[PDB]
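*Asks:* Just dropping in an experimental structure and the matching sequence.
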Amino acid sequence: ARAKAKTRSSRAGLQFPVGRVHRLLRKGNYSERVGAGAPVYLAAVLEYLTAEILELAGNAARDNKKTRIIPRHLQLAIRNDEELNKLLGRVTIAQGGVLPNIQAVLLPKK
Amino acid sequence: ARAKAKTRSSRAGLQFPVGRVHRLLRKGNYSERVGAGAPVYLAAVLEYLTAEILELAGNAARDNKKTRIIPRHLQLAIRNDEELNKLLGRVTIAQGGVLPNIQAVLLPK
Amino acid sequence: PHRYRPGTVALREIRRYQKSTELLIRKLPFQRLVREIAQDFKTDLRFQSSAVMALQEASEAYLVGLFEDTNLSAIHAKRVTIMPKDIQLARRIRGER
Amino acid sequence: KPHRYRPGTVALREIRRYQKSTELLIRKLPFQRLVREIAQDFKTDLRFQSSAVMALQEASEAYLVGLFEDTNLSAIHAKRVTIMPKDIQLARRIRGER
Amino acid sequence: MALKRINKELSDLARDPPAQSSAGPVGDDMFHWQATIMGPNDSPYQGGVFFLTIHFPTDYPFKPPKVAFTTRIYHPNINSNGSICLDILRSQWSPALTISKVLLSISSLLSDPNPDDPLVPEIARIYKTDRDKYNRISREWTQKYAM
Amino acid sequence: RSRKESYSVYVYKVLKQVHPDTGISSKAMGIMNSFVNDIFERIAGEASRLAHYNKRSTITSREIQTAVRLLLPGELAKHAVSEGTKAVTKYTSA
Amino acid sequence: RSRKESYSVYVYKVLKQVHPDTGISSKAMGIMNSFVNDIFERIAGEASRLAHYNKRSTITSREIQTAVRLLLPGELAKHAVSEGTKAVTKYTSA
Amino acid sequence: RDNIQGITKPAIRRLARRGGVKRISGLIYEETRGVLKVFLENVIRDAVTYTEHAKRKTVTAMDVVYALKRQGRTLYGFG
Amino acid sequence: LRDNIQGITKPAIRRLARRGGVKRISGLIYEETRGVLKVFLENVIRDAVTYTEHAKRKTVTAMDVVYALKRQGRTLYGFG
Amino acid sequence: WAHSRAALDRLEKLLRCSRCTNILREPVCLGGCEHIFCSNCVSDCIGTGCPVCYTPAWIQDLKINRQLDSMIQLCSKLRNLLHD
Amino acid sequence: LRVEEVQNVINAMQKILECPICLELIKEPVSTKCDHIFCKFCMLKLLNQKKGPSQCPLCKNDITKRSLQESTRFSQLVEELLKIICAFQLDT
DNA sequence: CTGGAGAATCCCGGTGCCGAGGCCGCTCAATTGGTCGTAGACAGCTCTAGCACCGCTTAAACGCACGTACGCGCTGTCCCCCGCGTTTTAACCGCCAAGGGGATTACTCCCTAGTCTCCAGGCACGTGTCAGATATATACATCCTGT
DNA sequence: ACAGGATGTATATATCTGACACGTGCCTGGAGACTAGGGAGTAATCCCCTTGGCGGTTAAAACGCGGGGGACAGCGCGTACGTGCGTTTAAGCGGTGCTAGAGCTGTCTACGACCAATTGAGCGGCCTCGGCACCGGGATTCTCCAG
Ligand SMILES: [Zn+2]
Ligand SMILES: [Zn+2]
């Protein structure tokens, strides 16, 4: 009888839950008060990050002729993208493996 | 008319401030509540650590025939005691310099 | 009879392992190792399968990183053979010793 | 007859001289000029405190002396006593700056 | 994509022909092209026209074409097979490169051979040690090879 | 029967929006959720500090944008700040 | 005319209690203040994570000693636990 | 004990091969397992002190993840 | 304000390296030492200026400098 | 011969300054923000990332609009030849 | 009158706005900070033929993929100037 | 391998100073005394999951020969880096002057915490089908010894 | 450089299967509406400190020249490790069984946040003298060339 409740995520055209982010911020022991636009901005930033990661992983999986993302595609994508590599150079992925590279002196004379 | 004001540091037999640590913890945005014994325990830990640092620095300074502790003595003590070297291996001391060492290969023979 | 000269089987198995993702350490001896490394701190611990897999993944990642760094050291030393000097040099440069 | 030491003895004596004291080694005025030139690529007409430029210094020579400590051991592992540009790049790649 | 890229390359050159040099297809196969290049002015090759063929790759322009002389040329960086050692053809290849431009690079190499990266080491000795008689060797070859 | 929260549904919507014909394995989905949690923790910790040091008490868009700028490398930060700002602006416009 | 906080008095008291006839420099005093701060934020931040991981809301002596055991390597942790427990026991005795 | 020998020589060889190593000298296996065990008590000592602080008698994967997190070795895929 | 990266003189670099205790230095070290020192500068001041401009002040404090050093895992003592 | 005026008008509508609304003075677009103002429009507005967008100037080096300067000078010649 | 150099200048514009790497009329601009212009998909075949950092196509090195931005300053002008040129051909 | 010459280094004494050390407000941040709502300790039930064990498979681990390719020691070189005298340049110290911007307080108001009500979007739990794993039969690329 | 034999190695088709993508039921956390209170944004003012310049000193830097140590290419030798094959062993799987400890709900009380009144502890400021930095001079020692 008041109004139809619209989610704050749909208000800003986002899929990530703005309310959940706001709750985590207020219960995350970060400050005694949190601004209104902070969760909206944070959700958009996280959405951009995960979208870039997902599109790179999908490109890798389609290059591997698979329709499901396994950790190998994520490892290859983030370690092939130079800047994502430095952003996530200090993290370890289970079942991710390493990258195919051979030192120049090790390969035969040919 | 209530009672003589006794500091919580004097209650625990410490020189480090206890109420000040409690205030810092409560305004430090770590939890909405802080236990009573946590600041007391933390003040004792800090006092022990700084006492070790100061006694090592004083020993190093009296080795160098000086009465005032300068950052050179602090750097020497930290990099000489391996335990504090491991604790503080990622911090540099202003005007701390380096400890005199030479690789055996470089020394002439 | 046929005989591969030393240097090609190594390269082919490097290629085979660099695309693989399975764990290179056997599960049982590693579980027995961790169960005895952890027993000197507290008696009769219990471990979850997820926890032991996490230990195995983390230690294998650390080892493969250490090996690629020490191989870099080996090429820098004008060699192709790993020797413990390179292991120690990498350990000390990375600030672990 | 002029007196000349063999190459290396004065090198070791000036190793000892600089490994015992803590004086600043980089000239302050050109250092702060370089720092200001670095900063002008981000914001114009920025003002710097003497304490800030001194802290930037303290960080600067500390990082350089650490890098040189690493590359010296890199060179001696290379079975030589003269540091080469490849040694410092190896040191910077091992630690993970590239 | 490779074929269409070829079409516009020949189209504009048709409306804007090069001053001296010329090129074109030798049939329906657009990947194989023949070109006639004349010796640079005031150079040992002056007066002679050298003939060469072009082999477009399957992913052109993303890869350099295979080009070699069909006319023998005396050059420190060119062999008797017509093979040419040119830097832009190996490493700094870039789709932005066009047939008209790369041909002028050849002319420049004719005027400026590169003994530092020889394909025939002996000719490189000829050019650096005495450029004067290297001209004499180069010019006589043009009469018997390029004409 | 306890209810636990994850980001799997949102990650799945983002995937079906970017590549409408791609799937996620359970291990990969867990890795993605852990990555998102790690990024959230980094951003929140940096923003909370930036608020604390300047004697501030509120987590606003400006210092979280600043935290993103320090943590995200290069033009990753440039795209992220722009996309966050447009989202906040359009949220405020309605 | 603002009022500024430091640990100078307490550091000086501990110095005089340990070595009664040893001086201190101003730069050394600043380094000591920075060190004691850095340790304070390290311990407090670790105690915050210990409290949050166990779904707890109070930072007590248990979480602080757990953090001390995590950060202090070996012998200092053994000494620090003993000195802190002695202080807590004496405080509770009064 | 003797469980340190459980990491057999071919296991070190194949780890090195995944690392890009061409050949191994005989003086590498007893050092790799020493580095491995040093890392193991570096991590397990934190994992168990998390568990005992949790009033738990088992070692959870979350505690291991936290122990790796403090040592700059964060792990993805376990929550 | 241009052309002071060469202001880091050759004897200054030699003295820095000898504080680290190197015996012999090749002539091909100075340029890439300039380069790496450069890179460290735009790695630190890039964060320092952002710290300053967030507070809406045009003067860079030593507090912000040590702040940027701390956030890169190379904390500094002696400035607060 | 008649649509030429409409063409020219659309030309300045797509190229003229939106702040000045007259002849441009070495205008430079900082990037993703749609600013067609002259450089002197922002010569004193440098700061706050942008006069409008408030997007920080990541391109510290002057990304000179060589192609756009070419376009505006060709627009000048088309204007000159059109108005005989 | 003066028509011939009018079309010469028209050729000048269309040359300046042609895909330097592709010779295809750029329907909507895609520019990097090097201010080069692509007709789309040239960058994706660039990033497919190699698995590393990209190299600047006309210039030396100013691209690392996806550093481009959706420049729409010429998108409206492409079909516009095409309409004027075709109408002017029809007009005269 | 054993001695003088020189040069740097170390050790000792007189001198001036400014920074460490100490004392006087005083103000606010510490204390003390009540009060209340609540989070953690504690008890009890449980059942998921971890621990232990037995039997069959066989891949992987282990041991031994070999011979070859790489680690490593000795040799010559020349050129590149180091020790040192000389001239120059700009760092460096001291002083002075203008002011812009950092550092406070007043005050308001507008943003945000807190609360109650309502519901739907997200989580727990079946659920079948297709992407993916595996077998087997290939075609095919690449090493390797002989020519 | 080339070629055939042999060992891997990429490819396609067929077949099982269980993990995922979806669907359904349900609830609590998010949303809407309202309220009150203080965080801070703006304006005004004060002045510490940054910036800029000028002038004299000189110490450090640039430059150069001789010359010798070492980085390097080369060669030869010798042990050590990749490659392969025959002989185990224990990982691996499965299947079963047991129960301890994690995980949940329900109480209940100590206990920490909160507020009000008070006072003394540490800080700003303001002296004051000796630890030391410096200058000068004499004694000690290590490298180097000659013997
Ligand atoms: Zn304008
Ligand atoms: Zn194109």
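*Replies:* All right, it came through fine. Numbers count the residues shown, from 1 in each chain, chains lettered A, B, ... in the order given. Ligands and ions are numbered 1, 2, ... in the order given.
*Asks:* For the spatially most central residue of chain C, give me its contacts.
*Replies:* Centroid-nearest residue in chain C: residue C:63, 3.4 Å away (criterion: Cα atoms, centre = their mean). Contacts here follow Cβ atoms under 8 Å, 6 or more residues apart in numbering or on different chains; on that basis residue C:63 touches H:15, H:19, H:32, H:35, H:36. Every C-beta, even on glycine, is put in place using the N, C-alpha and C of the backbone.
*Asks:* Contact residues of chain H facing chain G?
*Replies:* H:46, H:49, H:50, H:53, H:54, H:62, H:66, H:70 (Cβ under 8 Å from any Cβ of the partner chain).
*Asks:* Look up how far residue H:66 lies from the closest residue to residue A:64 other than its chain neighbours.
*Replies:* Using Cβ to Cβ, 6 or more residues apart in numbering or on different chains and skipping the chain neighbours, the partner closest in space to residue A:64 is residue A:73 (6.7 Å). Separation of residue A:73 from residue H:66 (Cβ to Cβ, to the nearest Å): 27 Å.
*Asks:* So for the two, which sits in the more crowded spot?
*Replies:* residue A:73 (24 against 19; other Cβ atoms under 10 Å in any protein chain shown).
*Asks:* Neighbours of residue K:83, how many?
*Replies:* 13.
*Asks:* Am I right that it falls within a strand?
*Replies:* No - judged by DSSP: H, G, I helix; E, B strand; the rest coil, residue K:83 forms no part of a strand; its state is helix.
*Asks:* do you know how far it is from residue K:3?
*Replies:* 18 Å.
*Asks:* one step back: now, of the residues of chain H next to chain G, which are buried?
*Replies:* Buried subset of those (neighbour count, 16 or more other Cβ atoms under 10 Å in any protein chain shown): H:46, H:49, H:50, H:53, H:54, H:62, H:66.
*Asks:* Any chance of JSON lines for the residues you listed, columns secondary structure?
*Replies:* Formatted as JSON lines, these follow (three-state DSSP):
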{"residue": "H:46", "secondary structure": "helix"}
{"residue": "H:49", "secondary structure": "helix"}
{"residue": "H:50", "secondary structure": "helix"}
{"residue": "H:53", "secondary structure": "helix"}
{"residue": "H:54", "secondary structure": "coil"}
{"residue": "H:62", "secondary structure": "helix"}
{"residue": "H:66", "secondary structure": "helix"}
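*Asks:* Turn the residues you listed into JSON lines, columns for distance to chain E.
*Replies:* JSON lines is the format used below for those (distance: Cβ to the nearest Cβ, whole Å):
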{"residue": "H:46", "distance to chain E": "51"}
{"residue": "H:49", "distance to chain E": "57"}
{"residue": "H:50", "distance to chain E": "55"}
{"residue": "H:53", "distance to chain E": "60"}
{"residue": "H:54", "distance to chain E": "59"}
{"residue": "H:62", "distance to chain E": "50"}
{"residue": "H:66", "distance to chain E": "49"}
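*Asks:* Could you work out the most separated pair of those?
*Replies:* Spatially, the most separated pair among those is H:49 and H:62, at 14.1 Å (Cβ to Cβ).
*Asks:* Point me to the residue sitting closest to the centre of chain J.
*Replies:* Central residue of chain J (Cα atoms, centre = their mean): residue J:36, 4.3 Å from the mean position.
*Asks:* Report whether that one is found in a helix, as I expect.
*Replies:* No - using three-state DSSP, the assignment for residue J:36 is coil, not a helix.
*Asks:* State the phi and psi torsions of it.
*Replies:* Phi and psi for residue J:36, reported as degrees, to the nearest 10, are phi -100, psi 10.
*Asks:* so what's it up against?
*Replies:* Contact partners of residue J:36, counting by Cβ under 8 Å, 6+ apart, are J:15, J:16, J:17, J:18, J:24, J:27, J:29.
*Asks:* Among those residues, name the ones in strands.
*Replies:* Among those, no residue falls in strands (DSSP state E).
*Asks:* Now tabulate the residues you listed in a markdown table and tack on neighbour count and distance to ligand 1.
*Replies:* A markdown table is the format used below for those (neighbours: other Cβ atoms under 10 Å in any protein chain shown; distance: Cβ to the ion, whole Å):
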| residue | neighbour count | distance to ligand 1 |
| --- | --- | --- |
| J:15 | 16 | 12 |
| J:16 | 18 | 9 |
| J:17 | 18 | 3 |
| J:18 | 12 | 8 |
| J:24 | 19 | 6 |
| J:27 | 23 | 7 |
| J:29 | 18 | 12 |
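*Asks:* Surely residue A:41 touches residue F:63?
*Replies:* No - counting by Cβ atoms under 8 Å, residue F:63 is not a contact partner of residue A:41; they are 10.3 Å apart.
*Asks:* Of the two, give the one with the bigger neighbour count.
*Replies:* residue A:41 (29 against 24).
*Asks:* Excluding covalently adjacent residues, which one is nearest to the more buried one?
*Replies:* residue F:84 (4.1 Å).
*Asks:* what about that neighbour, helix or strand, and which?
*Replies:* helix F:75-92 (DSSP states H and E).
*Asks:* Give me the neighbour count for residue K:33.
*Replies:* Per other Cβ under 10 Å, the neighbour tally for residue K:33 reads 16.
*Asks:* Can you point out the buried residues in the helix holding residue F:84?
*Replies:* Using 16+ other Cβ under 10 Å as the test for burial, helix F:75-92 gives F:76-85, F:87-88, F:91.
*Asks:* Also stretch A:71-90?
*Replies:* Buried residues in stretch A:71-90, counting neighbours by 16+ other Cβ under 10 Å, are found at A:71-79, A:81, A:83-84, A:87-88.
*Asks:* between these, which is closest to residue A:36?
*Replies:* Using Cβ to Cβ, these come closest to residue A:36 at residue A:87, 28.1 Å.
*Asks:* So residue J:18 sits against residue J:37, correct?
*Replies:* Yes - counting by Cβ under 8 Å, residue J:18 touches residue J:37, with 6.1 Å between them.
*Asks:* can you give me the strands in chain F?
*Replies:* Using DSSP E, strands in chain F cover F:23-24, F:58-59.
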